[PDB]
file final-v5.cif (mmCIF, C-alpha atoms)
data_coords
loop_
_atom_site.label_atom_id
_atom_site.label_comp_id
_atom_site.auth_asym_id
_atom_site.auth_seq_id
_atom_site.Cartn_x
_atom_site.Cartn_y
_atom_site.Cartn_z
CA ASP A 10 20.42 -6.56 21.81
CA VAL A 11 21.78 -6.09 18.27
CA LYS A 12 18.30 -6.75 16.92
CA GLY A 13 17.33 -3.52 18.64
CA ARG A 14 19.72 -1.75 16.29
CA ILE A 15 18.08 -3.40 13.28
CA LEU A 16 14.57 -2.62 14.56
CA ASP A 17 15.34 1.11 14.86
CA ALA A 18 16.99 1.54 11.46
CA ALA A 19 14.26 -0.65 9.96
CA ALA A 20 11.48 1.44 11.54
CA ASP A 21 13.07 4.67 10.31
CA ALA A 22 13.59 3.28 6.79
CA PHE A 23 10.03 1.89 6.91
CA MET A 24 8.77 5.39 7.81
CA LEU A 25 10.78 7.29 5.20
CA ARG A 26 10.76 5.23 1.97
CA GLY A 27 7.64 3.16 2.79
CA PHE A 28 7.31 -0.53 3.54
CA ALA A 29 6.69 -1.37 -0.13
CA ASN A 30 9.78 0.40 -1.51
CA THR A 31 12.14 -0.53 1.30
CA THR A 32 14.00 -3.81 0.91
CA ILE A 33 16.08 -6.02 3.20
CA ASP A 34 19.15 -4.71 1.41
CA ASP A 35 18.07 -1.17 2.29
CA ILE A 36 17.99 -2.13 5.97
CA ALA A 37 21.34 -3.86 5.45
CA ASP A 38 22.82 -0.62 4.09
CA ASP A 39 21.36 1.44 6.96
CA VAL A 40 22.37 -1.01 9.71
CA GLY A 41 25.83 -1.50 8.21
CA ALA A 42 25.71 -5.30 7.86
CA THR A 43 25.01 -7.89 5.16
CA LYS A 44 21.73 -9.42 3.98
CA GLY A 45 22.81 -12.40 6.06
CA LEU A 46 22.63 -11.05 9.60
CA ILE A 47 19.20 -9.51 9.00
CA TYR A 48 17.77 -12.82 7.77
CA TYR A 49 19.42 -14.54 10.76
CA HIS A 50 17.41 -12.37 13.14
CA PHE A 51 13.97 -12.24 11.51
CA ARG A 52 12.32 -14.62 9.07
CA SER A 53 11.31 -12.17 6.35
CA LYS A 54 10.88 -8.48 5.56
CA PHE A 55 7.33 -8.66 6.90
CA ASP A 56 8.81 -10.18 10.05
CA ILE A 57 10.75 -6.97 10.74
CA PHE A 58 7.56 -4.99 10.16
CA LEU A 59 5.83 -7.23 12.70
CA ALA A 60 8.78 -6.95 15.09
CA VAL A 61 8.87 -3.13 15.00
CA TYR A 62 5.13 -3.06 15.60
CA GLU A 63 5.48 -5.48 18.48
CA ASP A 64 8.49 -3.72 19.98
CA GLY A 65 7.07 -0.22 19.51
CA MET A 66 3.78 -1.34 21.06
CA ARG A 67 5.74 -2.73 23.99
CA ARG A 68 7.68 0.52 24.38
CA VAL A 69 4.59 2.68 24.60
CA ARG A 70 2.91 0.27 27.02
CA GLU A 71 5.77 0.01 29.51
CA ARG A 72 5.82 3.79 29.57
CA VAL A 73 2.05 4.40 29.92
CA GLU A 74 0.75 1.45 31.99
CA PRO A 75 2.66 2.43 35.19
CA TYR A 76 0.31 5.40 35.64
CA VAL A 77 -2.94 3.44 35.24
CA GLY A 78 -2.82 2.12 38.80
CA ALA A 79 -0.88 4.99 40.39
CA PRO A 80 -2.54 7.37 42.87
CA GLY A 81 -4.27 10.51 41.68
CA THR A 82 -7.63 11.28 40.10
CA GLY A 83 -8.56 9.93 36.68
CA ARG A 84 -7.67 13.20 34.98
CA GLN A 85 -4.28 13.19 36.74
CA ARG A 86 -3.32 9.72 35.55
CA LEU A 87 -4.80 10.39 32.10
CA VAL A 88 -2.58 13.48 31.78
CA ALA A 89 0.51 11.48 32.78
CA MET A 90 -0.44 8.66 30.43
CA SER A 91 -0.90 11.14 27.55
CA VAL A 92 2.36 13.02 28.06
CA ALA A 93 4.09 9.67 28.10
CA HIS A 94 2.17 8.60 24.98
CA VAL A 95 3.07 11.82 23.10
CA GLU A 96 6.67 11.76 24.31
CA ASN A 97 7.00 8.20 23.08
CA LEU A 98 5.79 9.36 19.65
CA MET A 99 8.23 12.29 19.30
CA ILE A 100 11.22 10.25 20.55
CA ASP A 101 10.49 7.05 18.59
CA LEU A 102 8.82 8.45 15.45
CA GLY A 103 9.86 5.48 13.33
CA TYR A 104 8.15 3.05 15.70
CA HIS A 105 5.04 5.25 15.80
CA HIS A 106 4.75 5.28 12.00
CA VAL A 107 5.07 1.49 11.64
CA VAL A 108 2.49 1.01 14.38
CA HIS A 109 -0.06 3.30 12.67
CA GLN A 110 0.99 2.30 9.12
CA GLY A 111 -0.04 -1.28 9.88
CA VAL A 112 -3.06 -0.29 7.79
CA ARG A 113 -0.83 1.00 4.98
CA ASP A 114 0.25 -2.65 4.79
CA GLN A 115 -3.43 -3.64 5.06
CA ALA A 116 -4.17 -1.41 2.03
CA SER A 117 -2.88 -4.17 -0.24
CA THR A 118 -5.32 -7.08 -0.11
CA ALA A 119 -4.46 -9.09 3.00
CA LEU A 120 -2.38 -11.87 1.51
CA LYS A 121 -1.13 -14.41 4.08
CA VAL A 122 -3.55 -15.76 6.69
CA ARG A 123 -0.68 -17.09 8.88
CA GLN A 124 0.54 -13.44 8.78
CA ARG A 125 -2.87 -11.79 9.17
CA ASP A 126 -2.80 -14.19 12.20
CA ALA A 127 0.09 -12.27 13.81
CA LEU A 128 -0.93 -8.81 12.46
CA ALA A 129 -4.41 -9.34 13.95
CA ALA A 130 -2.77 -10.60 17.15
CA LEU A 131 -0.80 -7.35 17.13
CA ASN A 132 -3.99 -5.35 16.52
CA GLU A 133 -5.24 -6.83 19.81
CA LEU A 134 -2.14 -5.41 21.51
CA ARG A 135 -3.10 -1.95 20.27
CA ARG A 136 -6.67 -2.73 21.37
CA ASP A 137 -5.44 -3.48 24.90
CA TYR A 138 -3.37 -0.31 25.02
CA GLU A 139 -6.41 1.83 24.14
CA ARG A 140 -8.40 -0.05 26.79
CA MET A 141 -6.08 1.46 29.40
CA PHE A 142 -7.15 4.92 28.26
CA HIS A 143 -10.78 3.92 28.22
CA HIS A 144 -10.47 2.69 31.81
CA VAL A 145 -8.91 5.91 33.16
CA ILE A 146 -11.34 8.10 31.21
CA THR A 147 -14.23 6.11 32.70
CA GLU A 148 -12.70 6.48 36.18
CA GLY A 149 -12.06 10.18 35.59
CA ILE A 150 -15.65 10.69 34.49
CA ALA A 151 -16.93 8.96 37.62
CA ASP A 152 -14.59 10.73 40.01
CA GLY A 153 -15.54 14.13 38.56
CA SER A 154 -12.05 15.08 37.41
CA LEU A 155 -13.26 14.72 33.77
CA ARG A 156 -16.38 16.07 32.07
CA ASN A 157 -19.51 13.94 31.86
CA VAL A 158 -18.80 13.03 28.24
CA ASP A 159 -19.21 9.86 26.16
CA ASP A 160 -16.55 7.44 27.39
CA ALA A 161 -16.24 5.68 24.01
CA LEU A 162 -16.11 8.80 21.81
CA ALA A 163 -13.68 10.53 24.19
CA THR A 164 -11.37 7.50 24.03
CA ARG A 165 -11.33 7.31 20.22
CA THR A 166 -10.97 11.10 19.95
CA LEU A 167 -8.20 11.41 22.54
CA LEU A 168 -6.11 8.53 21.20
CA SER A 169 -6.42 9.75 17.63
CA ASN A 170 -5.50 13.22 18.91
CA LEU A 171 -2.40 11.78 20.65
CA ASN A 172 -1.29 9.94 17.51
CA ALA A 173 -2.09 12.96 15.32
CA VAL A 174 0.92 14.81 16.77
CA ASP A 175 3.00 13.18 14.06
CA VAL A 176 1.15 15.24 11.40
CA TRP A 177 3.14 18.37 12.33
CA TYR A 178 5.89 17.18 14.68
CA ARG A 179 9.39 16.87 13.13
CA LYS A 180 12.60 15.64 14.88
CA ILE A 181 14.39 18.98 15.44
CA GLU A 182 18.17 18.52 15.41
CA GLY A 183 19.28 19.10 18.98
CA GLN A 184 15.97 19.14 20.81
CA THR A 185 16.73 17.96 24.35
CA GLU A 186 14.82 15.40 26.38
CA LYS A 187 13.45 18.26 28.44
CA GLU A 188 12.35 20.21 25.37
CA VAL A 189 10.57 17.20 23.89
CA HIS A 190 9.04 16.44 27.28
CA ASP A 191 7.88 20.04 27.65
CA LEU A 192 6.39 20.15 24.13
CA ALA A 193 4.50 16.91 24.84
CA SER A 194 3.15 18.55 27.99
CA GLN A 195 2.10 21.61 26.02
CA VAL A 196 0.27 19.35 23.57
CA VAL A 197 -1.43 17.26 26.25
CA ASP A 198 -2.56 20.50 27.88
CA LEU A 199 -4.61 21.42 24.82
CA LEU A 200 -5.98 17.87 24.44
CA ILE A 201 -7.14 17.41 28.05
CA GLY A 202 -7.72 21.03 28.94
CA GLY A 203 -9.28 22.16 25.72
CA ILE A 204 -8.83 25.35 23.81
CA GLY A 205 -12.06 27.08 24.81
CA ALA A 206 -12.10 29.21 27.95
CA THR A 207 -14.00 28.32 31.12
CA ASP B 10 -21.59 17.27 -14.02
CA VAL B 11 -20.36 13.88 -15.23
CA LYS B 12 -16.68 14.51 -14.45
CA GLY B 13 -17.81 14.65 -10.83
CA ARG B 14 -18.69 10.97 -11.06
CA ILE B 15 -15.09 10.10 -12.00
CA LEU B 16 -13.79 12.33 -9.21
CA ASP B 17 -16.04 10.63 -6.66
CA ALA B 18 -14.90 7.21 -7.90
CA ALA B 19 -11.19 8.05 -7.89
CA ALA B 20 -11.34 9.57 -4.40
CA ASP B 21 -12.86 6.43 -2.88
CA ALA B 22 -10.61 4.09 -4.83
CA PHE B 23 -7.55 6.10 -3.76
CA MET B 24 -8.82 5.84 -0.19
CA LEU B 25 -9.33 2.06 -0.08
CA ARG B 26 -6.70 0.73 -2.48
CA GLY B 27 -4.23 3.53 -2.03
CA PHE B 28 -3.03 5.85 -4.77
CA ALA B 29 -0.51 3.46 -6.30
CA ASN B 30 -2.62 0.28 -6.35
CA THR B 31 -5.55 1.88 -8.21
CA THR B 32 -5.30 2.09 -11.99
CA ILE B 33 -7.28 3.92 -14.66
CA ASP B 34 -8.89 0.51 -15.16
CA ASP B 35 -10.59 0.31 -11.77
CA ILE B 36 -11.83 3.91 -11.96
CA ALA B 37 -13.45 3.06 -15.30
CA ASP B 38 -15.13 -0.07 -13.89
CA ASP B 39 -16.28 1.96 -10.91
CA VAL B 40 -17.97 4.63 -13.04
CA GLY B 41 -19.34 2.06 -15.48
CA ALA B 42 -17.35 3.37 -18.43
CA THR B 43 -14.39 2.65 -20.69
CA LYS B 44 -10.80 3.71 -20.09
CA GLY B 45 -11.19 6.07 -23.06
CA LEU B 46 -13.83 8.14 -21.24
CA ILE B 47 -11.43 8.89 -18.37
CA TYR B 48 -8.54 9.71 -20.71
CA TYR B 49 -10.86 12.28 -22.28
CA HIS B 50 -11.38 14.39 -19.14
CA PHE B 51 -7.94 13.84 -17.56
CA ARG B 52 -4.49 13.35 -19.07
CA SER B 53 -3.04 11.12 -16.33
CA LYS B 54 -3.86 9.28 -13.11
CA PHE B 55 -1.93 11.92 -11.17
CA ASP B 56 -4.00 14.70 -12.75
CA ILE B 57 -7.10 12.94 -11.43
CA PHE B 58 -5.49 12.85 -7.99
CA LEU B 59 -4.77 16.52 -8.62
CA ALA B 60 -8.44 17.13 -9.46
CA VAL B 61 -9.70 15.21 -6.41
CA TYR B 62 -7.38 17.29 -4.24
CA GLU B 63 -8.56 20.54 -5.84
CA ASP B 64 -12.23 19.62 -5.50
CA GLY B 65 -11.60 18.51 -1.93
CA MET B 66 -10.19 21.95 -1.13
CA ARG B 67 -13.08 23.77 -2.81
CA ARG B 68 -15.78 21.74 -1.07
CA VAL B 69 -14.38 22.19 2.43
CA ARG B 70 -13.59 25.88 1.97
CA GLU B 71 -17.06 26.61 0.61
CA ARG B 72 -18.62 24.86 3.61
CA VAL B 73 -16.37 26.44 6.23
CA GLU B 74 -15.52 29.96 5.00
CA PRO B 75 -19.09 31.33 5.57
CA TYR B 76 -18.61 30.85 9.33
CA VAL B 77 -15.42 32.96 9.39
CA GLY B 78 -17.28 36.27 9.20
CA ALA B 79 -20.46 35.09 10.92
CA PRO B 80 -21.44 36.79 14.20
CA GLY B 81 -19.94 35.42 17.37
CA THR B 82 -16.94 35.36 19.63
CA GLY B 83 -13.81 33.70 18.29
CA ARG B 84 -14.73 30.47 20.09
CA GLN B 85 -18.23 30.41 18.62
CA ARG B 86 -16.95 30.78 15.07
CA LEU B 87 -14.10 28.31 15.64
CA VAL B 88 -16.72 25.79 16.75
CA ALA B 89 -18.90 26.48 13.72
CA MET B 90 -15.93 26.31 11.34
CA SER B 91 -14.76 23.06 12.92
CA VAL B 92 -18.08 21.22 12.80
CA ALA B 93 -18.43 22.09 9.10
CA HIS B 94 -14.87 20.82 8.47
CA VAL B 95 -15.64 17.52 10.24
CA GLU B 96 -19.05 17.27 8.55
CA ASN B 97 -17.26 17.68 5.20
CA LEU B 98 -14.72 15.06 6.33
CA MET B 99 -17.45 12.56 7.17
CA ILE B 100 -19.53 13.33 4.11
CA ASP B 101 -16.66 13.57 1.56
CA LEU B 102 -14.44 10.87 3.02
CA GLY B 103 -12.57 9.89 -0.16
CA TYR B 104 -11.81 13.53 -0.99
CA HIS B 105 -10.51 14.16 2.54
CA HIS B 106 -8.20 11.17 2.34
CA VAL B 107 -6.66 12.42 -0.91
CA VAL B 108 -6.32 15.99 0.41
CA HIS B 109 -4.19 14.50 3.22
CA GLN B 110 -2.77 11.49 1.39
CA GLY B 111 -0.56 14.24 -0.11
CA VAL B 112 2.13 13.34 2.42
CA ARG B 113 2.31 9.95 0.63
CA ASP B 114 2.59 11.54 -2.84
CA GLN B 115 5.30 13.89 -1.54
CA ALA B 116 7.73 11.22 -0.30
CA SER B 117 7.30 9.41 -3.63
CA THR B 118 8.96 10.50 -6.87
CA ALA B 119 8.55 14.27 -7.01
CA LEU B 120 9.12 14.28 -10.74
CA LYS B 121 7.36 16.63 -13.17
CA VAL B 122 7.43 20.42 -13.18
CA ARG B 123 4.02 20.59 -14.90
CA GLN B 124 2.62 18.40 -12.08
CA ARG B 125 4.79 19.13 -9.02
CA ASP B 126 4.04 22.83 -9.69
CA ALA B 127 0.32 22.04 -9.40
CA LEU B 128 0.81 19.82 -6.31
CA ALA B 129 2.68 22.57 -4.47
CA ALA B 130 0.00 25.03 -5.59
CA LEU B 131 -2.66 22.89 -3.92
CA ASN B 132 -0.66 22.80 -0.69
CA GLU B 133 -0.83 26.59 -0.54
CA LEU B 134 -4.61 26.36 -0.90
CA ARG B 135 -4.49 23.94 2.03
CA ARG B 136 -2.03 26.16 3.90
CA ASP B 137 -4.34 29.11 3.21
CA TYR B 138 -7.32 27.15 4.47
CA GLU B 139 -5.39 26.34 7.66
CA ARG B 140 -4.72 30.09 8.01
CA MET B 141 -8.44 30.77 8.34
CA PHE B 142 -8.45 28.69 11.53
CA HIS B 143 -5.25 30.33 12.74
CA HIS B 144 -6.77 33.80 12.38
CA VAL B 145 -9.96 32.83 14.24
CA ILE B 146 -7.88 31.20 16.97
CA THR B 147 -5.93 34.43 17.40
CA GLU B 148 -9.16 36.41 17.73
CA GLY B 149 -10.64 33.88 20.13
CA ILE B 150 -7.58 34.23 22.36
CA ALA B 151 -7.65 38.02 22.21
CA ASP B 152 -11.38 38.24 23.01
CA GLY B 153 -11.10 35.81 25.92
CA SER B 154 -13.30 33.11 24.40
CA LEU B 155 -10.25 30.83 24.18
CA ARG B 156 -7.62 30.14 26.82
CA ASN B 157 -4.30 31.99 26.56
CA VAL B 158 -2.41 29.25 24.76
CA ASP B 159 0.12 29.35 21.91
CA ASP B 160 -1.97 30.27 18.87
CA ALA B 161 0.36 28.49 16.45
CA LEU B 162 0.50 25.26 18.45
CA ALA B 163 -3.26 25.33 18.97
CA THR B 164 -3.84 25.76 15.22
CA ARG B 165 -1.66 22.73 14.39
CA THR B 166 -3.18 20.72 17.22
CA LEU B 167 -6.76 21.59 16.32
CA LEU B 168 -6.49 21.00 12.57
CA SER B 169 -4.70 17.70 13.03
CA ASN B 170 -7.34 16.64 15.58
CA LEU B 171 -10.16 17.58 13.21
CA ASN B 172 -8.45 15.68 10.42
CA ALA B 173 -7.81 12.70 12.69
CA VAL B 174 -11.53 11.88 12.90
CA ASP B 175 -10.77 9.67 9.88
CA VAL B 176 -8.75 7.29 12.09
CA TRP B 177 -11.95 5.79 13.60
CA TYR B 178 -14.83 7.15 11.50
CA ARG B 179 -16.31 4.98 8.73
CA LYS B 180 -19.24 5.87 6.50
CA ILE B 181 -22.08 3.78 7.89
CA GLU B 182 -24.71 3.52 5.20
CA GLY B 183 -28.10 4.75 6.27
CA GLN B 184 -26.43 7.45 8.36
CA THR B 185 -28.26 10.72 7.71
CA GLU B 186 -26.98 14.26 7.30
CA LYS B 187 -28.44 15.05 10.72
CA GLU B 188 -26.60 12.16 12.39
CA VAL B 189 -23.31 13.25 10.81
CA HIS B 190 -23.94 16.79 11.99
CA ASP B 191 -24.74 15.57 15.53
CA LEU B 192 -21.63 13.37 15.61
CA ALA B 193 -19.43 16.18 14.30
CA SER B 194 -20.88 18.52 16.95
CA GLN B 195 -20.01 15.90 19.57
CA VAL B 196 -16.41 15.60 18.36
CA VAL B 197 -15.88 19.39 18.22
CA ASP B 198 -17.25 19.80 21.76
CA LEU B 199 -14.34 17.60 22.90
CA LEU B 200 -11.66 19.23 20.76
CA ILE B 201 -12.62 22.73 21.88
CA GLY B 202 -13.79 22.06 25.44
CA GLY B 203 -11.37 19.31 26.40
CA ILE B 204 -12.12 16.33 28.66
CA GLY B 205 -10.82 18.03 31.83
CA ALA B 206 -13.43 19.28 34.31
CA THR B 207 -13.72 22.45 36.45
#

call {"tool": "encode", "arguments": {"input": "final-v5.cif", "output": "structure tokens"}}
result
Amino acid sequence: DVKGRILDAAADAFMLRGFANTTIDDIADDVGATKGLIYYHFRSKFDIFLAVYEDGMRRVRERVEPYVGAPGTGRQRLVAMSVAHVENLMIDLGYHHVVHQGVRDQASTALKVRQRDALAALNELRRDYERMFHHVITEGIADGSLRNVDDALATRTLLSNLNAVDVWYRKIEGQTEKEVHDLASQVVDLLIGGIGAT
Amino acid sequence: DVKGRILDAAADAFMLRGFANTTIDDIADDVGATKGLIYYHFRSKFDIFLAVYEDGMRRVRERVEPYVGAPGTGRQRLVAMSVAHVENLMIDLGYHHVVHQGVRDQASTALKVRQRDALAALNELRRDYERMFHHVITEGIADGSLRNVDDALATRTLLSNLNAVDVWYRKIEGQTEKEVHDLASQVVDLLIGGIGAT
């Protein structure tokens, strides 16, 4: 509900000014409320970080998991999973940064165990997500619709390639859903299809 | 000669701790020297970061540029350039981090003309490095060794994929130069040839 509004503006502020130099007041300014309502909804600043991670990891999974069991060859579901994964990134950049800057928070010596208890639990959520891609890649290797490559290395490589889109992608003012979807499909075409000729 | 020892130490400390959480103190401990030694060869912590960036650009360009004019189709030279880039990434991991940590020292206080001038200067070195790959990609497309894709999108996609090896790759001690070369060849096979079959 109205936490969703806080999670977005928190993720975006987390992405722009950094977790370290963003404060609960800064989210209060962005969300247009007082320091009260934020602290009503999450325990602490690190709780919003955890919540954006958790929510953003749920967003990408509800969008990608439906294709794991769908019909089609392995390559065909992998393509659909990837376009979804890239499209999630370009639409929800703030969530994507907090998810993959959960190490930027790890850069400071891991302080609270009862927090590194939830952050590690969250890491397992990202682990499970990547397992979906490993499963389809394995299936696509066996059904011939992918190359006989190393299943582990191809999974690491592909997922890092999908998350690397944020290196050069910017939110263009006025890009439509269709345009973003099409650009994600262009990107996935180079990732799955390669750039060399055959 | 000996400055290189401080550059090695700052690159790795900037990688693990992060730029902000490393001080001139730790670099001195890490080289086995006093703070005064570092303040000899560099005015400021940022100027070290500047020197690590500059040495990171020189190392990778020296390793990769020879393959630009080597014999081969555009694909063959793109492959050779890319392996050397990834080899340099795996071998000089701290330097690579700093060369692309730059995004984190751009969002921070862009403050001094004497320094921000030099930081933007390094980004043109980087931009000019990334133009070497763009030019080879354009040739590879024109000579049929690469699929007829968007040469600008493929350049951004490829370079970000090559630089994303650092998501999952860790220096494993005892790993030889040959093993790094083999692993980098494996990665580049996937970036150039895709995972898709047929």

call {"tool": "resolve_selection", "arguments": {"input": "final-v5.cif", "expression": "the PyMOL selection byres ((chain A) within 8 of (chain B))", "output": "ChimeraX atom specification"}}
result
/A:25-26,84,116-117,153-156,158,162-163,165-166,169-170,173-174,176-177,196,199-207

call {"tool": "resolve_selection", "arguments": {"input": "final-v5.cif", "expression": "the PyMOL selection byres ((chain B and resi 19-22) around 10)", "output": "PDB file with C-alpha atoms, in the coordinates of the input"}}
result
ATOM      1  CA  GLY B  13     -17.810  14.650 -10.830  1.00  0.00           C
ATOM      2  CA  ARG B  14     -18.690  10.970 -11.060  1.00  0.00           C
ATOM      3  CA  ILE B  15     -15.090  10.100 -12.000  1.00  0.00           C
ATOM      4  CA  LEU B  16     -13.790  12.330  -9.210  1.00  0.00           C
ATOM      5  CA  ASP B  17     -16.040  10.630  -6.660  1.00  0.00           C
ATOM      6  CA  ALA B  18     -14.900   7.210  -7.900  1.00  0.00           C
ATOM      7  CA  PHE B  23      -7.550   6.100  -3.760  1.00  0.00           C
ATOM      8  CA  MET B  24      -8.820   5.840  -0.190  1.00  0.00           C
ATOM      9  CA  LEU B  25      -9.330   2.060  -0.080  1.00  0.00           C
ATOM     10  CA  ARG B  26      -6.700   0.730  -2.480  1.00  0.00           C
ATOM     11  CA  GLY B  27      -4.230   3.530  -2.030  1.00  0.00           C
ATOM     12  CA  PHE B  28      -3.030   5.850  -4.770  1.00  0.00           C
ATOM     13  CA  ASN B  30      -2.620   0.280  -6.350  1.00  0.00           C
ATOM     14  CA  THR B  31      -5.550   1.880  -8.210  1.00  0.00           C
ATOM     15  CA  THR B  32      -5.300   2.090 -11.990  1.00  0.00           C
ATOM     16  CA  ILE B  33      -7.280   3.920 -14.660  1.00  0.00           C
ATOM     17  CA  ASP B  35     -10.590   0.310 -11.770  1.00  0.00           C
ATOM     18  CA  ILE B  36     -11.830   3.910 -11.960  1.00  0.00           C
ATOM     19  CA  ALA B  37     -13.450   3.060 -15.300  1.00  0.00           C
ATOM     20  CA  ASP B  39     -16.280   1.960 -10.910  1.00  0.00           C
ATOM     21  CA  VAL B  40     -17.970   4.630 -13.040  1.00  0.00           C
ATOM     22  CA  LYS B  54      -3.860   9.280 -13.110  1.00  0.00           C
ATOM     23  CA  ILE B  57      -7.100  12.940 -11.430  1.00  0.00           C
ATOM     24  CA  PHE B  58      -5.490  12.850  -7.990  1.00  0.00           C
ATOM     25  CA  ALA B  60      -8.440  17.130  -9.460  1.00  0.00           C
ATOM     26  CA  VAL B  61      -9.700  15.210  -6.410  1.00  0.00           C
ATOM     27  CA  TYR B  62      -7.380  17.290  -4.240  1.00  0.00           C
ATOM     28  CA  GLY B  65     -11.600  18.510  -1.930  1.00  0.00           C
ATOM     29  CA  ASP B 101     -16.660  13.570   1.560  1.00  0.00           C
ATOM     30  CA  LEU B 102     -14.440  10.870   3.020  1.00  0.00           C
ATOM     31  CA  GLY B 103     -12.570   9.890  -0.160  1.00  0.00           C
ATOM     32  CA  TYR B 104     -11.810  13.530  -0.990  1.00  0.00           C
ATOM     33  CA  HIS B 105     -10.510  14.160   2.540  1.00  0.00           C
ATOM     34  CA  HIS B 106      -8.200  11.170   2.340  1.00  0.00           C
ATOM     35  CA  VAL B 107      -6.660  12.420  -0.910  1.00  0.00           C
ATOM     36  CA  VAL B 108      -6.320  15.990   0.410  1.00  0.00           C
TER      37      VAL B 108
END

call {"tool": "atom_distance", "arguments": {"input": "final-v5.cif", "atom1": "atom CA of residue 34 of chain B", "atom2": "atom CA of residue 179 of chain B"}}
result
25.4 Å

call {"tool": "atom_distance", "arguments": {"input": "final-v5.cif", "atom1": "atom CA of residue 137 of chain B", "atom2": "atom CA of residue 72 of chain B"}}
result
14.9 Å

call {"tool": "residues_around", "arguments": {"input": "final-v5.cif", "residues": "segment 118-125 of chain A", "least_positions_apart": "4", "cutoff": "9 Å", "atoms": "only C-alpha atoms", "output": "PyMOL selection string"}}
result
(chain A and resi 55-56+114+129-130) or (chain B and resi 26)

call {"tool": "atom_distance", "arguments": {"input": "final-v5.cif", "atom1": "atom CA of residue 90 of chain B", "atom2": "atom CA of residue 136 of chain B"}}
result
15.8 Å

call {"tool": "resolve_selection", "arguments": {"input": "final-v5.cif", "expression": "the PyMOL selection byres ((chain B and resi 69) around 9)", "output": "number ranges by chain"}}
result
B: 64-68, 70-74, 93-94, 97-98, 101, 105, 138

call {"tool": "closest_residue", "arguments": {"input": "final-v5.cif", "among": "B:50, B:143, B:187, B:12", "to": "residue 100 of chain B", "atoms": "all atoms listed in the file"}}
result
B:187
